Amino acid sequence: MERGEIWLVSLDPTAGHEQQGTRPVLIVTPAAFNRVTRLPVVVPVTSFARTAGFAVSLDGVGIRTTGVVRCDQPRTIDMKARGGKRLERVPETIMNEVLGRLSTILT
């Protein structure tokens, strides 16, 4: 599993304001990391918006998944245990914008 892939996966159960539901998530970590840990770091996709703050729009880039990437909510998940399913990849431009947002808070 590569950085930049969108996977459909259940994030439940959750507490409080935590992002809920089965939804697309974007893989942040690279293949080697994902292979060794079996615990990729992902950010969730939620619902035609413009990029603003931690929310990066997926509109107009040629992919099937719609909405925005919530770069403020990274989570380490056991994709295999949760039964995630690979959907597609995002263009490197989107991935780099996401990495840029995460860089402001995880470094």
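Residue indices: 1-based, along the sequence shown.
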Counting only residues of the deposited sequence, how many between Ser47 and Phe48 have no atoms in the entry (none, 1 to 3, 4 to 9, 10 or more)? 1 to 3
Check the entry's C-alpha temperature factors for 56-64 and 37-45, then say which stretch has the higher mean. 56-64
Of 22-30 vs 78-86, the stretch with the larger average CA B-factor in the entry is 78-86
Lowest, middle or highest third of the chain for the C-alpha temperature factor of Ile6? lowest
Of the three thirds of Cα B-factor ranks in this chain, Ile105 occupies the middle
